[PDB]
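Asks: mind folding the following:
(one chain, ligands or ions: 2)
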Amino acid sequence: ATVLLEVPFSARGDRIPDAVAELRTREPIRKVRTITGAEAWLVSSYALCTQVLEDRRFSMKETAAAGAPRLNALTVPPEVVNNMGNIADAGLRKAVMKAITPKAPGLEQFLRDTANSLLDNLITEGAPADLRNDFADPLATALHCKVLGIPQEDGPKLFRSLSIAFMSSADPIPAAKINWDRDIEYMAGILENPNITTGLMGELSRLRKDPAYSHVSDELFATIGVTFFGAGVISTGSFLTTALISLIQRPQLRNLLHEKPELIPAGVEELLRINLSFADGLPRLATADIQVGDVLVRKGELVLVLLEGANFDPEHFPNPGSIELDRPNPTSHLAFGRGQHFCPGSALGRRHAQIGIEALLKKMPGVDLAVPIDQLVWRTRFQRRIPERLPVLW
Ligand code: HEM
Ligand SMILES: O=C1N[C@@H](Cc2ccc(O)c(O)c2)C(=O)N[C@H]1Cc1ccc(O)cc1
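Replies: Numbering: from 1, shown residues only. Ligands and ions are numbered 1, 2, ... in the order given. Okay, here it is:
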């Protein structure tokens, strides 16, 4: 006898398991067991993943309901599982979007200058260099301090909460609450700090004192700062790191992007499509009985939308494992989700990766792994797939 198939399949972010194509072909919606012991429906075809993400009756907020089957333990207060809904209800959605666009004056120049300075430092130190800890993650942290309007010197400590805040654990994490409460206290102090007048926190600080937002809670204003720093830094740092592995393993593509940097945006869109940075399916709780393919999902059940199931589906993306810069449907992947919860930071995430890759290819055109690829250490029981160190030479 065997136990029910368990998720996730592998923490490795450099290869897709053969199991994904097997499930997609044979049972694109099927039952699995998560790390908490709950059962869930794993959805792995592009058609069914889109159907779940576009039907609001599959709710993100309701995954925090007491007694629900869980993917993992919460690392935030349950009301934060409704974060974007709370922001929208507060009338803050437009202001938050405007503050996180990469089009802000001098932001792209700041990204280029920061990437170039980090790379010059690595070149001075000499090979091997760690592209995660000494490139992708500090570039993400510096970008988010600038977008938030907070001091660059405060970034590293806020960043150190993330190895715990984005864990995918069977059980509650005592350290996640200690860091959450401290990071909220920091952002509450930022709202009260007269020197913070730019970026997202400068704008929220002004709206907080505007009569049209007098009843928005101080809890929400501080929560927006913690959550946008955390989700943005973990997502951009982890995507850039794993996209750099995808590129280093494709020297013909690396050479083409070095020669024709105008192709970098199309290259980043394909690097997003084949990305394995999300370690778990996106979770939703059914709020009604809903037919999904051959399964009638019942009210109260957990559904997991496997992004790589959709993004490597050959019925939507022919020769899915190949980076092809001339696809006719290039942005139709699900790397930023779909529907109500579509990533609000998509343009910023695209720009961070494009500028990071452009700077790396200019400075280190001969970039290559300095260790055999199997020697990368993949972080386990985490919401992202990332190597602990990314050692390169050039
Ligand atoms: C390469 C970069 C990024 C990737 C791949 C990424 C991916 C995603 C995905 C797949 C979702 C949907 C989650 C779901 O439906 O359950 C999402 C949501 C979100 N992302 Fe991003 N993200 C990235 C960058 C960012 C940045 C830069 C920020 C903010 C500065 C951000 C903030 C958020 C937030 C707050 C949500 C929740 C939205 C909602 O629930 O409506 N993301 N992201
Ligand atoms: O539960 C949520 N949390 C936050 C994202 C977030 C920010 C900081 C953290 O320490 C964390 O673990 C998760 C949110 O905006 N919306 C919801 C849904 C969500 C979860 C994860 C994610 O990557 C994006 C959104």
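
Asks: switch to C-alpha atoms for all contacts and neighbour counts from now on
Replies: Noted.

Asks: for residue 173, give its distance to residue 284.
Replies: Going from residue 173 to residue 284 by Cα to Cα, to the nearest Å gives 22 Å.

Asks: neighbour count: these two, which is higher?
Replies: residue 284 (27 against 17; other Cα atoms under 10 Å).

Asks: for ligand 1, what is the nearest residue in the stretch 101-250 of the chain?
Replies: Nearest residue of the stretch 101-250 of the chain to ligand 1, counting by Cα to the nearest ligand atom: residue 232, 3.4 Å away.

Asks: number of nearby residues for that residue?
Replies: 23.

Asks: which SS state does it fall under?
Replies: helix (DSSP: H, G, I helix; E, B strand; the rest coil).

Asks: give the contact list for it.
Replies: By Cα atoms under 8 Å, 6 or more residues apart in numbering, residue 232 lies in contact with 140, 144, 345, 349.

Asks: narrow those residues to just the buried residues.
Replies: The neighbour count (16 or more other Cα atoms under 10 Å) marks 140, 144, 345, 349 as buried among these.

Asks: distance of the residue of the stretch 101-250 of the chain closest to ligand 1 from residue 136?
Replies: Using Cα to Cα, we find residue 232 at a distance of 13 Å from residue 136.

Asks: what does residue 146 give?
Replies: 16 Å.

Asks: between the two, which one's more packed in?
Replies: Per other Cα under 10 Å, whichever of residue 146 and residue 136 has more neighbours is residue 136, with 27 against 18.

Asks: Provide a list of residues in contact with that one.
Replies: Residue 136 touches 237, 238, 240, 241, 356, counting by Cα under 8 Å, 6+ apart.

Asks: most widely separated two among these?
Replies: Across these, the longest distance by Cα to Cα is 12.5 Å; it joins 238 and 356.

Asks: tell me who's in contact with the residue nearest to residue 288 when sequence neighbours are not counted.
Replies: Of all residues not flanking residue 288 in the chain, residue 299 sits nearest, at 4.4 Å (Cα to Cα, 6 or more residues apart in numbering). Applying Cα under 8 Å, 6+ apart, we find residue 299 in contact with 285, 286, 287, 288, 289, 290.

Asks: which of the residues you listed count as buried?
Replies: Neighbour counting by 16+ other Cα under 10 Å classes 285, 286, 287, 290 among the contacts of residue 299 as buried.

Asks: okay, and which of those map to helices?
Replies: The members of the buried ones among the contacts of residue 299 all map outside helices under DSSP state H.

Asks: most widely separated two among those residues?
Replies: Most distant of these, by Cα to Cα, are 285 and 290, 11.1 Å apart.

Asks: tell me the SS of the most centrally placed residue in the chain?
Replies: Nearest residue to the geometric centre of the chain (Cα atoms, centre = their mean): residue 235, 3.0 Å. Three-state assignment for residue 235 (three-state DSSP): helix.

Asks: follow-up on the earlier one: in a markdown table: the contacts of residue 136, plus secondary structure.
Replies: Formatted as a markdown table, the contacts of residue 136 follow (three-state DSSP):
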| residue | secondary structure |
| --- | --- |
| 237 | helix |
| 238 | helix |
| 240 | helix |
| 241 | helix |
| 356 | helix |
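
Asks: buried stuff in stretch 111-124?
Replies: 111, 112, 114, 115, 116, 118, 119, 122, 123.

Asks: tabulate these (CSV), appending distance to residue 101.
Replies: Output for the buried residues of stretch 111-124, formatted as CSV (distance: Cα to Cα, whole Å):
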residue, distance to residue 101
111, 13
112, 16
114, 18
115, 18
116, 21
118, 23
119, 25
122, 29
123, 31
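
Asks: now, these that are in strands?
Replies: Judged by DSSP state E, strands contain none of the buried residues of stretch 111-124.

Asks: counting only helices, which of those residues make the cut?
Replies: Members of these lying in helices (criterion: DSSP H): 111, 112, 114, 115, 116, 118, 119, 122, 123.

Asks: near ligand 2, which of the residues you listed show up?
Replies: Among these, no residue is within reach of ligand 2 (Cα under 6 Å from any ligand atom).

Asks: quick check, nearest of those residues to ligand 2?
Replies: Distance to ligand 2 across these (Cα to the nearest ligand atom) is lowest for residue 111, with 22.4 Å.

Asks: helices of the stretch 201-350 of the chain, start to end?
Replies: Here the stretch 201-350 of the chain has its helices, by DSSP state H, counting those that start in this stretch, at 218-248, 251-259, 264-273, 307-311, 346-363.

Asks: touching the shortest one from outside, list them.
Replies: By Cα under 8 Å, 6+ apart, the list of residues contacting helix 307-311 from outside reads 16, 20-21, 24, 43-47, 49, 273-276, 278, 281-282, 317, 320, 333-335, 337.

Asks: try 7 Å this time
Replies: 20, 24, 44-46, 49, 273-274, 276, 281, 333-335 (Cα atoms under 7 Å, 6 or more residues apart in numbering).

Asks: make CSV from these and add neighbour count to it.
Replies: Shown next, in CSV, are the contacts of helix 307-311 (neighbours: other Cα atoms under 10 Å):
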residue, neighbour count
20, 19
24, 21
44, 29
45, 29
46, 25
49, 28
273, 25
274, 25
276, 27
281, 22
333, 24
334, 22
335, 24
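
Asks: and ligand 2, which of the residues you listed reach it?
Replies: Applying Cα under 6 Å from any ligand atom to the contacts of helix 307-311, none is adjacent to ligand 2.

Asks: close to ligand 2: what parts of the stretch 251-394 of the chain are there?
Replies: Residues of the stretch 251-394 of the chain lying near ligand 2 (Cα under 6 Å from any ligand atom): none found.

Asks: residue boundaries of the strands in the stretch 251-394 of the chain?
Replies: Remark: strands assigned in the stretch 251-394 of the chain by DSSP state E, counting those that start in this stretch are 282-286, 290-292, 295-297, 302-305, 368-369, 391-393.

Asks: so the longest one, near ligand 1 or not?
Replies: Yes. Against ligand 1, strand 282-286 shows contacts by Cα under 6 Å from any ligand atom at residue 282.

Asks: and the contacts of that strand?
Replies: With Cα under 7 Å, 6+ apart as the test, strand 282-286 has contacts from 57-60, 62-63, 298-306.
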